[PDB]
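First comes the structure, then the notes that go with it.
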Amino acid sequence: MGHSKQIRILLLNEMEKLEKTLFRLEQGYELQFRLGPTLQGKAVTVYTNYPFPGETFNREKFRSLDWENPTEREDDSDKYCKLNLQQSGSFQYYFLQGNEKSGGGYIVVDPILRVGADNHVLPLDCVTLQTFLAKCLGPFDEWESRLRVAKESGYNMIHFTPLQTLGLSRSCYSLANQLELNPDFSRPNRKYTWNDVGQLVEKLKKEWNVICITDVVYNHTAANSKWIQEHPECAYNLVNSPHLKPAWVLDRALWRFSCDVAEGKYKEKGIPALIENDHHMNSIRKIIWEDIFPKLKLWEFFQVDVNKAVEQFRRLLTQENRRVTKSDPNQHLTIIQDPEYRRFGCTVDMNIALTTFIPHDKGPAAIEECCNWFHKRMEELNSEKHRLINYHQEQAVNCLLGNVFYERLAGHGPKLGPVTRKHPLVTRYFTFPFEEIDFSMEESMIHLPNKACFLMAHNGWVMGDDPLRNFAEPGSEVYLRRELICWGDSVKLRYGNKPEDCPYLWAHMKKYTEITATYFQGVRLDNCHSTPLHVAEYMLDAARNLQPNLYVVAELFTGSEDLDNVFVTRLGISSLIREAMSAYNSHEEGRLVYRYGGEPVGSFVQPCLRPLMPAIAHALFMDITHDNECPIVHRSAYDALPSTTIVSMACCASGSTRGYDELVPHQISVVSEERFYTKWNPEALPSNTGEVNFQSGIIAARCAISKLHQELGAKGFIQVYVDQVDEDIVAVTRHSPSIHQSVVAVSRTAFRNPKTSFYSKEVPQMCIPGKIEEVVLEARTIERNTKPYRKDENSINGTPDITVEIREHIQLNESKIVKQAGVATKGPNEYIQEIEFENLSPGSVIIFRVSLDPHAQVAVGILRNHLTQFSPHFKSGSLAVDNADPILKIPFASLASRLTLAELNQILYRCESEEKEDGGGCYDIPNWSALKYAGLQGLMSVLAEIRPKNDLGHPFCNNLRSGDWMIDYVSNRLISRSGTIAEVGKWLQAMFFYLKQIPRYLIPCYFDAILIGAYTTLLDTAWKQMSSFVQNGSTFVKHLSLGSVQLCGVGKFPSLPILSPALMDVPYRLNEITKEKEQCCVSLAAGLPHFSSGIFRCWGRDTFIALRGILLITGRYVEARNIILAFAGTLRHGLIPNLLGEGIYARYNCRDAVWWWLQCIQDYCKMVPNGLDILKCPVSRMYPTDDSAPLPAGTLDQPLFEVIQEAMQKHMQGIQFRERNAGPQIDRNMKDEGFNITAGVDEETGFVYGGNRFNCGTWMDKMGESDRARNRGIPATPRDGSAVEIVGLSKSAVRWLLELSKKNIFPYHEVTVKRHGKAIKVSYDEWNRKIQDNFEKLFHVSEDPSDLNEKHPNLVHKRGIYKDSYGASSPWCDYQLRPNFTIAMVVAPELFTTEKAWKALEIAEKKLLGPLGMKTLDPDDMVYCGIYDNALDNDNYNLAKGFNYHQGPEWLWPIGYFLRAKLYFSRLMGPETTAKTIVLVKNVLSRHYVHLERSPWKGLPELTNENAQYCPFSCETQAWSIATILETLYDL
């Protein structure tokens, strides 16, 4: 069986502790350790106690696992260590944060069981536990009959009571000596030892495949035994804990008083009468109190303590050589551990009292005052302690009185009656075999450790507090509550804090436990919540070491599941037992059945690679218990069948004891029983008292139930379904996802007796969907004539007047009890069958094996084959086909070879372009309003949050299952286009037609499965059609590339200009409206919002840098060449238009984006190898706009070298045009007054300036149209002069030109610019030297008081900052801290020094950087605003009409460049800062990944304000915000 490997991903974080979360993984499952999203950039070591295979397991030994990188890079995103578990245990794993502990966890592995000689694996879903008692088993020789009876009953598991010597109490779980066989289970003729028992057990297991489970007792033992004869250290004694002396004294006094009262002494004074429904309870309580109160000697103890204290004070005298230590002023004088030290020799510390009160002087008066004050303080403390303990004593007395009243007036109690010596009213807390204290031997008894060592103690539990607390702690107060309940033979066992106290006793107990383990494979835990954890852990560890496979079963009554989960994680409990008696009606029983495991019918398929999720501990659905009232006497006798048919159909487990096979009218008591069992005798017997046959009335039904449960467990049914309409309509409808078969069982009324309680003949009619094929179960209960039941003093016999008949393989037509009323068709694809109830007696159950429609199996088979043809996740599930589709053989494999970006990025999600351009009436979340239009990621976000929790009740699932209009809408949208889109739409339509013949309307599961498959194939074929960079990197790079690719799209109206016909690889398409062939070039834009649609889909520098990023990361060389050619053709006067209207529209209001284009083309040329063949290629300009309308292209094909030379010449000379057909009659915010065309080009300085007061040349546009907030006149905040980055771009361009000219490339260094009538032949080398000198001189502001040759030193706000706009302008335009200098050093770091620039960067980056990005303004600025709200309209000037756009809000494109510059500087500076830069970069990308994980639009938000606000006002995704991240990822 080649099962697919399962890999689990576990994330560890320091913000929480994983100590109560289930971590159950079997041997087949593989567990992987991940660094974690918040632990990126840090190195940690993982330590585990799991031993190497083939070696002994050591708990205290830990090992370290190395880290392996599959990508062989330094990235920590993908770093996991292999861990293949191959053993069952409680191994603990933890990781160290360098040198300090941070956290850990526990791993639980289930065990395995071998059945028979074949050692076949038995799943834990068809095990029927059977309880057997050794006392009821009789002699050891008479064991074959009981085993045969159990085998015929149909139980594969038998619980065996351990065979050991017992005490005189003859009670279970009271073993005396666990070293030899019980003398009772033996005969003088033949003696059986442990070897005989072991060989009998192994023979039974081999020949009858029966597994036996034994019991181990550690917290109690028999009072009298031969185990302890000379060593009293085995049990807790008074010498071990002498602080509980008053408790022992009070217990002995109470026992003596009770014994005296019982023996005819306290009768003349008065004896209370029988307790009745009157005021006698108050009189009894008063008569009890009037003797209980004088019994206590608290006053005597207080007076003797006062006497001893005053005697010690008188004996003590002042010492001249007195040392006083500085005590804590907040400390208070308190007395603790008073009974810890015995009287007449106790030592106490007086220094606390001395420090508390400071004497005035050394005179006698001061000493007397101090001693009087100390005496008063100690008296007040004693009075307060007495008052505090009086309430506790009163509460304990009241609790004891209430408990004794309940015991004496218990309806369900034993009701012994008169109080006798054999059955005392109050059980003795402690046993004192020696004579009680009468006159004066108490003092001798106290001062005698030798005699006190032999003292024995008992153990008990109280159901009023958590028993997890250790009872061996000093100063225990639980015993003082007087609420302990203990047996007459149980003795407490003490093990000590550490095993080293009694090594021989621990070794003997370990040997006994290992002997039990090797003699009995199974084991069980009783009262595990009270025994100390260390000893039990040690014994389980030893058992696991000796026996590789062991089964542990335990039960707890803590109520909440947290304690059970923590106990399972710590100890390693694999099975749990839950009582079914808590259900008093059908509703609670159905709720218990539904909640005890299972899943609702209809679910998707979990991915193979999924994160680890908490599980649910296995539980056993026991029918009845051996320590509770029998359901037979309390309820009706016909309730056994519904209980069996409910526990058989349960999805967790099943089981019953010997008390359910026979419906005896009595309750079996373990404490009082002498009768044996019934010998096996197959038929040939009247079956009166002990000669029952193989199966008469209950055995056949039980065998059928067990067989049905085993068949259900072997089939593999996990689904459950419970519905309730009336009082008794409970049914189970488990459905198999593989073969699609559902079995429905219908019960009847059994809680109320038909004779005792009146019933109505008319019953509601239930309609069962589908057609019934075969009735697998048919039980009818009737009343016959038989002799009346009589009590037997030798054995136990059930009631013979009740019997049922079973039937198997009976057709519906041949059935004489039920009939088919008819066939009802409530829907075109819904089949409903009507069944009429005619002679269905109450208490009779019947199970219907319904079948699906005839035209369903073939459809399910072909659907499963199609699903499994994509991935091997679906094991098997293949059905033979008749003809299928011979034409369709590779629906997706063929489409992998041929792929294009335009078609792939047109039907991805249809987020908003399709709706905004055509409209389709999309209905989003019909219940509420409109939330998620069409996005698959939108539903995936909810699915990934509900799948681990298995929450199928979400409204989204309800509205998905309500209708299938989403499928029709998706198909209609997909078949809208033609070509490959039409082919895939037809394929999905054919698949939908194929899957439209299924019942139960579970279509959304198959839709999700096929969507997952299609997404997987799309991701694969996109990964293959990509460069060799994303594969080497982590999954973050692949996700970023996929997001960048999916961002682009093509609408109905093209936005890019029409390319020249001479261009190669020009996409074309036919318009659906104009029926004309138009270019379908992809235009890049910052998302697809409603603000921009076609006309606004194109921009300037942002789109340019975005396209540079995408087409230099992916590797689209031809697309980049086409874009460059189009930009060169549309270029006018060497200036970027910045706005293309596909016609006469042109807005040449900016002089930027030219140096950016030059840098982009230069890096594209330098990155592509052998790129010299593209510089000489012909260029066909298509948009000549100089003095008239542009002419059609193709007139000339001049090289771009002359074009760029002419552009440079025009830029150097200057451009002074006018009326560039911009803003003819439209003006909203921009003001067109005065002269504003182009300013710059300054001689003798080597710098370029620009900008006007009324004209903005930068990319700043933010203003309000409100009259109150009217801020017109100055458009935004223009930066007159040099813009920092422009100087760096020009320096890089001239350096590249000089480098090219040095190698005979571009031999036009000479410049023929003539001004004022004279021509100058200045080369770029002199200009480069001049600009370098200017950068090294002017931009070298020193914080220290130097550089006297400076202008306006006091005008700058502070020293050490970099000017943003050099020149003469307003002081509030360049004296701000902005990240505009990062680009200048990125393009050319030669100008910036290796020391001054580094220090400036460090001093700038001190409080600017935030969780996601650095603030646009320094925090100390008085105009900084960390909260941005455009819709808000307040009186604040900076918060009016969004005036704080660049005053605190953090963008995304400024970041990344700073990190790259810092890493580049650290690389050349020293290795010390390289590690810090790497850690910071890793943290930044980890935070970015964390933020992008919870992105419904899968895009980077643009309004990341303070406190991580939601619902950004601007676009939620930008095209220009990913290029910087991609470049940073490429760098490192």
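Go through the residues of segment 757-776 one by one and say whether even a single one is loosely packed, with under 14 Cβ neighbours inside 10 Å, of a type in the set (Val, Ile, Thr) and closer than 20 Å to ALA700 by Cβ. No - not one qualifying residue is present in segment 757-776. Whenever a residue of segment 1402-1418 is over 15 Å from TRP1453 (Cβ atoms), its partners that are small (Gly, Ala, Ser), lying with C-beta atoms within less than 9 angstrom and at least six residues away or across chains, give the pairs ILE1403/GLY1360; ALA1404/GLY1360; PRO1411/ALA1508; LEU1417/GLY1448; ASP1418/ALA1404.
Out of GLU1202, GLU1244, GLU1233, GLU1206, one residue alone is under 30 Å from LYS1303 (Cβ atoms), without any contact (Cβ under 8 Å) to a residue 24 or more places away in the chain and charged (D, E, K, R). It is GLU1202.
Contact annotation: residue pairs with Cβ atoms under 8 Å, 6 or more positions apart or on different chains, pairing a residue in segment 575-591 that is free of Cβ contacts under 8 Å to residues at least 24 places away in the same chain with a partner that is polar (S, T, N, Q), are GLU588/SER582.
If we keep just the residues of segment 726-742 that are of a type in the set (A, V, I, L, M) and part of a loop (DSSP other than H, G, I, E, B), which is farthest from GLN765 (Cα to Cα)? Looking at the filtered set, the residue picked out is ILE739. Of all residues in segment 260-283 being without any contact (Cβ under 8 Å) to a residue 60 or more places away in the chain and part of a helix (DSSP H, G or I), which is surrounded by the most Cβ atoms within 10 Å (Cβ to Cβ)? The qualifying residue surrounded by the most Cβ atoms within 10 Å (Cβ to Cβ) is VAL261.
If you check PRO1192 against the conditions, is it under 52 Å from the mean Cα position of the chain (by Cα), free of Cβ contacts under 8 Å to residues at least 24 places away in the same chain, in a loop (DSSP other than H, G, I, E, B) and not assigned by TED's automatic domain parsing to the domain that holds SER1290? Answer is no for this residue.
In the set (1) buried (at least 20 other Cβ atoms within 10 Å of the Cβ); (2) in a loop (DSSP other than H, G, I, E, B); (3) in contact with a helix residue (DSSP H, G or I) (Cβ under 6 Å, 6 or more places away or on another chain), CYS1160 fails one condition alone, (2).
Selection of segment 1019-1045 for residues being within 29 Å of the chain's Cα centre (by Cα) and either within 21 Å of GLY935 (Cα to Cα) or in a helix (DSSP H, G or I) (or both) yields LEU1019, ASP1020, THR1035, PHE1036, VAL1037, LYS1038, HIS1039, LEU1040, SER1041, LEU1042, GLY1043. Please determine, by comparing only the residues of segment 967-1017 that are assigned to a helix (DSSP H, G or I) and among the polar types (S, T, N, Q), which one is nearest to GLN606 (Cα to Cα). Across segment 967-1017, the extreme among qualifying residues is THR1016. Within segment 1058-1095, if we keep just the residues that are in contact with a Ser or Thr (Cβ under 6 Å, 6 or more places away or on another chain) and not small (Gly, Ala, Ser), the residue that is surrounded by the most Cβ atoms within 10 Å (Cβ to Cβ) turns out to be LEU1084.
Matching residues to (1) within 30 Å of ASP1227 (Cβ to Cβ); (2) without any contact (Cβ under 8 Å) to a residue 40 or more places away in the chain; (3) in the same structural domain as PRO1371 (by TED's automatic domain parsing):
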| site | (1), (2), (3) |
| --- | --- |
| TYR1249 | yes, no, yes |
| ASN1252 | yes, yes, yes |
| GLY1257 | yes, no, yes |
| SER1266 | yes, no, yes |
| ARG1272 | yes, no, yes |
| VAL1287 | no, no, yes |
| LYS1291 | no, no, yes |
| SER1301 | no, yes, yes |
| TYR1308 | no, no, yes |
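So, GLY1043, is that one within 23 Å of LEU895 (Cβ to Cβ), surrounded by 15 or more Cβ atoms within 10 Å (Cβ to Cβ) and not assigned by TED's automatic domain parsing to the domain that holds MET1182 or not? Taking the combined requirement at face value, the residue satisfies it.
Considering segment 1137-1153, the residues that are buried (at least 21 other Cβ atoms within 10 Å of the Cβ) and in contact with a helix residue (DSSP H, G or I) (Cβ under 8 Å, 6 or more places away or on another chain) include one that is farthest from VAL1241 (Cα to Cα), namely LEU1140. Elements of the type strands (runs of 3 or more DSSP E) sitting completely within segment 13-118 and holding at least 2 residues that are under 17 Å from the mean Cα position of the chain (by Cα): these cover 30-34, 100-106.
Would you check if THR513 is more than 21 Å from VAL239 (Cα to Cα) and either among the hydrophobic types (A, V, I, L, M, F, W, C) or buried (at least 16 other Cβ atoms within 10 Å of the Cβ) (or both)? Walk me through how you get there before you give the answer.
Values: more than 21 Å from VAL239 (Cα to Cα): yes; either among the hydrophobic types (A, V, I, L, M, F, W, C) or buried (at least 16 other Cβ atoms within 10 Å of the Cβ) (or both): yes.
In short, yes.
All conditions in (1) without any contact (Cβ under 8 Å) to a residue 24 or more places away in the chain; (2) closer than 30 Å to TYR721 by Cα hold for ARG784, with the sole exception of (2). Here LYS889 clears all of (1) free of Cβ contacts under 8 Å to residues at least 12 places away in the same chain; (2) touching a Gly at 6+ places or on another chain (Cβ under 9 Å) except the condition numbered (2).
The single residue among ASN450, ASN470 that is in a helix (DSSP H, G or I) and either of a type outside the set (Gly, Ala, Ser) or farther than 28 Å from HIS423 by Cα (or both) turns out to be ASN450.
So, in segment 304-352, exactly how many residues are more than 53 Å from the chain's Cα centre (by Cα) and surrounded by 10 or more Cβ atoms within 10 Å (Cβ to Cβ)? Explain how you work it out, then say what you get.
Narrowing segment 304-352 to residues more than 53 Å from the chain's Cα centre (by Cα): 304-325, 342-351.
Now narrow it down to the ones that are surrounded by 10 or more Cβ atoms within 10 Å (Cβ to Cβ): 304-313, 342-343, 346, 348, 350-351.
Counting residues in segment 304-352 that are more than 53 Å from the chain's Cα centre (by Cα) and surrounded by 10 or more Cβ atoms within 10 Å (Cβ to Cβ) gives 16.
Here is the figure for segment 1389-1417: residues that are in contact with a helix residue (DSSP H, G or I) (Cβ under 7 Å, 6 or more places away or on another chain) and within 24 Å of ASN1334 (Cα to Cα) total 7.
For segment 556-591, how many residues meet the condition of being aliphatic (A, V, I, L, M), under 29 Å from the mean Cα position of the chain (by Cα) and closer than 22 Å to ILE646 by Cβ? Even if it seems obvious, please write down each step before you answer.
Start the filter on segment 556-591 by keeping residues that are aliphatic (A, V, I, L, M), which leaves 556, 563, 566, 568, 571, 573, 576-577, 580-581, 583.
From what's left, under 29 Å from the mean Cα position of the chain (by Cα): 556, 563, 566, 568, 571, 573, 576-577.
Those left that are additionally closer than 22 Å to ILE646 by Cβ: 576-577.
Of the residues in segment 556-591, 2 are aliphatic (A, V, I, L, M), under 29 Å from the mean Cα position of the chain (by Cα) and closer than 22 Å to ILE646 by Cβ.
The residue of segment 1337-1354 that is farthest from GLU1402 (Cα to Cα), among those that are under 59 Å from the mean Cα position of the chain (by Cα) and among the aliphatic types (A, V, I, L, M), is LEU1338. Selection of segment 1471-1489 for residues being hydrophobic (A, V, I, L, M, F, W, C) and surrounded by 14 or more Cβ atoms within 10 Å (Cβ to Cβ) yields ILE1478, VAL1479, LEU1480, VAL1481, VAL1484, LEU1485. Taken together, the residues in segment 1143-1174 that are of a type in the set (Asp, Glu), farther than 30 Å from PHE1254 by Cβ and touching a residue at least 24 places away in the same chain (Cβ under 8 Å) amount to 1. Here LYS826 meets each of (1) part of a strand (DSSP E or B); (2) surrounded by 12 or more Cβ atoms within 10 Å (Cβ to Cβ); (3) among the charged types (D, E, K, R) with one exception, condition (2). From the list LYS1482, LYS1498, the lone residue that is closer than 27 Å to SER1092 by Cβ and of a type in the set (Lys, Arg) is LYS1498.
Heads up, the Cβs are rebuilt from the backbone with ideal geometry, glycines too, and the neighbour counts pull from every protein chain shown. Basis: the model, the stated rules and, where named, an outside source; no laboratory read-out is quoted.
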